[PDB]
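Take a look at the letters that make up each chain.
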Amino acid sequence: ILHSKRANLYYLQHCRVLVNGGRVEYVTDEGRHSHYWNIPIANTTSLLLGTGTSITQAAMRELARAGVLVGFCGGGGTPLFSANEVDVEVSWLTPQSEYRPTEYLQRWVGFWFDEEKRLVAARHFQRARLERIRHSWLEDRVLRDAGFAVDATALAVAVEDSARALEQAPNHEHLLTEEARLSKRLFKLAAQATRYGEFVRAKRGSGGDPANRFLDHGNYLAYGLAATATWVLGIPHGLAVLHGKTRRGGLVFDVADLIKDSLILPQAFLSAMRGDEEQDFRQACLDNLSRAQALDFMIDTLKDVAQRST
DNA sequence: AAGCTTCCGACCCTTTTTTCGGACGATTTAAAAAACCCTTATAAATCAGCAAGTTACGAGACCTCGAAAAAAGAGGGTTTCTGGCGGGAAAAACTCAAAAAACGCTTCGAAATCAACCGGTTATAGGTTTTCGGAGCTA
């Protein structure tokens, strides 16, 4: 249930959170034996209330006493609906509320306005993304066994070439387009491996074939996971690195990018070819995300870029 | 002392909850009615297989009504495909005009010519092979 070992983030489902006798208690079908009792309550913990759960104001009081962030997310924890805002660590605020302020916003803003540094960040994002493609498509054979048998030499050549291109070109405007070309080739490779036939990527949900729908669902979950990552870091969604400065919710899409083609896309084609239900697809996606430590990776990346930007 | 405003008691009426009583059902117990047993030698039933005559139970059919399901009919709405009409821009006819350019006069003497047949010229109809442009695709 520990959703991110890097963030001390826990997912609670099928239980009520209430305060009896001055201690926050979980009313669950397992009673005393539920693992929720092992939840450490400290300023380092952060909760994610899941499906079928409710919380009492008294609990909110006790958690605030202990300084524990709370957030509501849907099935499996991908769509993050609402959460507590996290503080910002600077010398002029200084409340004693015992809430672990986080300093990453200052680091982010310290460079966000300098375009050259912003570009350097974009490059760093894409380096990470490609290396996660090469990892999941080649190094690990779980997909191979599942049925996603694809050629390697063509994929390796394409990825090598795109990586070679990343280290070049002057502005965001090229990077976006280079990624788009890589995207197209990856789609073609996946369709060939899946024997799905010809594939064309419609957008704004105009597609009707299973592949398109499953891609949309997968991307929706990925966005939710990224939103969780940013919220844990406290960075507002508007300070995008690679998407346009006017794009509402740009940053989450920047962060979501580092898994779409690594983990969502193959599963979308696999499930479409296998003829799965939408529910089966959702469960498979969440299982893949859990297996890959996705949230932890996207946390590590954001921290790495912050430290590297100095 | 008077007027205004606010409680308070008395009451009137209907609805909602509780209590009690009565009735009905069910069960138990006791009393009454039907029944069982014990004495029978003699009269009637038991049964053997088949014939000859009859029918109580089963099957088939149809009707009757009622209800259920399905199909049709109605109405609410949204999306899109087409047609008609209106409006701006370009083309080409229409109107206005000049300046060439041709024609005629008009050429006696200089080419132009056709005819058949050879070799030779070369524009190009037709076919063959190939860059340029665009397909969009993808973030």
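Method of determination, as given in the entry header: cryo-EM; reported resolution: 3.48 Å.

Enquirer: Give me the overall build of chain A: which residues, what numbers.
Expert: The helix and strand inventory of chain A stands at ten helices and eight strands. In terms of overall dimensions, chain A is globule-like: its C-alpha atoms have a radius of gyration of 21 Å, near the 19 Å expected for 310 residues. Counting across all 310 residues of chain A, residues that qualify as buried make up 48%. Pairs at least 24 residues apart make up 67% of the contacts formed inside chain A by residues separated by at least 6 positions. A gap of 1 Å separates the mean positions of the 37 positive and 37 negative side-chain charges of chain A.

Enquirer: Lay out the packing of helix α3 (residues 115-139) against helix α6 (residues 172-194) in plain terms, naming residues and giving numbers.
Expert: Where α3 meets α6, the closest approach of the two axes is 11 Å, and the angle between their N-to-C directions is 10 degrees. On the basis of their axis angle, the class for α3 and α6 is roughly parallel. Contact with α3, carried on its side by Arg118, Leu119, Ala122, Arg123, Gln126, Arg129, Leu130, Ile133 and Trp137, involves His172, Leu175, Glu179, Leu182, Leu186 and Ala190 of α6 and no other residues of that element.

Enquirer: Give me the UniProt feature "binding site: Mn(2+)" in chain A: which residues, what numbers.
Expert: Mapped onto this numbering, the UniProt entry gives "binding site: Mn(2+)" at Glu179, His243 and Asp257. Spanning 79 residues, the annotated positions come together in the fold, the maximum distance between their C-alpha atoms being 12.0 Å. Secondary-structure assignment places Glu179 in helix α6. Residues contacting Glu179, with those up to four places away along its chain left out, are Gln126, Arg129, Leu242 and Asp257. Setting aside residues up to four positions removed in sequence, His243 forms contacts with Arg118, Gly250, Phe253 and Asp254.

Enquirer: Talk me through the nonpolar core; I want residue IDs and the actual numbers.
Expert: Counting residues in hydrophobic clusters, the biggest one holds 75 residues, and the most contacted among them are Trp108, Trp137, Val255, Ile259, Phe269 and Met298. The element that contributes the greatest number of residues to this core is helix α8 (residues 250-274), accounting for 13 residues. Mapped onto the domain boundaries, this core takes at least three residues apiece from domain 1 (1-95) and domain 2 (96-310). Counting residues in hydrophobic clusters, the runner-up holds 15 residues, among them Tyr10, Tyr26, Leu63 and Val68.

Enquirer: Describe in detail the protein's contact with DNA strand B, supporting the description with residues and values.
Expert: In the vicinity of DNA strand B, the contacting residues are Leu176, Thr177, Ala180, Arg181, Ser183, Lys184, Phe187, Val200 and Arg201. Protein-proximal atoms of DNA strand B, defined as those within 4 Å of the protein, fall in sugar or phosphate at a share of 64%. Between DNA strand B and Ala180, the relevant distance is 3.5 Å, taken from a sugar or linking oxygen to a main-chain nitrogen or oxygen of the residue. The side chain of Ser183 places a nitrogen or oxygen atom 2.8 Å from a sugar or linking oxygen of DNA strand B.

Enquirer: Account for the packing of helix α2 (residues 104-112) against helix α10 (residues 294-309), naming residues and giving values.
Expert: The geometry of α2 relative to α10 is characterised by a closest axis approach of 9 Å and an angle of 55 degrees between their N-to-C directions. Taken together, α2 and α10 sit at an angle that is classed as oblique. Here α2 runs over α10; the crossing is left-handed. Within the contact between the two elements, α2 uses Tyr104, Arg107, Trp108 and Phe111 and α10 uses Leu302, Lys303, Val305, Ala306, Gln307 and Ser309.

Enquirer: Outline unusual backbone geometry, supporting the account with residue identities and numerical values.
Expert: Although it is not a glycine, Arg195 sits at a positive phi angle of roughly 55 degrees. In this fold, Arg195 is placed in the loop between α6 and α7 (210-233). The exposure class of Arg195 is exposed, given its relative accessible area of 72%. Unlike most non-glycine residues, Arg204 shows phi in positive territory, near 55 degrees.

Enquirer: Which residues make up the packing of aromatic side chains, and what values go with them?
Expert: Going through the model one piece at a time under the given rule, you end up with eleven aromatic pairs. A ring pair is formed by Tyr196 and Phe199, whose centres lie 6.3 Å apart and whose planes are at 75 degrees; its orientation type is edge-to-face. By relative accessible area, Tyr196 is classed as partly exposed at 21%. The class of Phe199 is buried, set by a relative accessible area of 16%. Note on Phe199 and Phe269: the rings are 5.1 Å apart at their centroids and 75 degrees apart in plane angle, and the pair reads as edge-to-face. With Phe199 in the loop between α6 and α7 and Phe269 in helix α8, this pair connects stretches of sequence that are 70 residues apart. Across the pair, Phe269 and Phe199 agree in class, each one buried.

Rules of the game
- Residues numbered from 1 in each chain as written, not as in the entry; some residues may be left out.
- Chains lettered and ligands numbered in written order.
- Part of a larger assembly, values for the part shown.
- Heavy atoms only, no water.
- Helix = DSSP H or I, 4+ residues; strand = E, 2+ residues; numbered from the N terminus.
- Rg over C-alpha atoms; globule rule 2.2 N^0.38 Å.
- Buried < 20%, exposed > 50% of the residue type's maximum accessible area, 1.4 Å probe, protein only.
- Contact = heavy atoms within 4.5 Å.
- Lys, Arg positive; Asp, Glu negative; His and termini not counted.
- Charge placed at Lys NZ, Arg CZ, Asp CG, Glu CD.
- Axes fitted to C-alpha atoms, helices over the stretch in contact; angles between N-to-C directions.
- Parallel < 35°, antiparallel > 145°, perpendicular 65-115°, else oblique.
- UniProt positions renumbered as here; feature names shortened; annotations may be inferred.
- Core = buried A, V, L, I, M, F, W, Y, C linked by side-chain atoms within 4.5 Å.
- Domains from an automatic or database assignment.
- Near = heavy atom within 4 Å.
- Polar contact = N/O pair within 3.5 Å; in protein donor to acceptor, adjacent residues only side chain to side chain.
- Left-handed = near helix turned anticlockwise from the far one by under 90°.
- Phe/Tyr/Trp six-rings, centres within 6.5 Å; stacked < 30°, edge-to-face > 60°.

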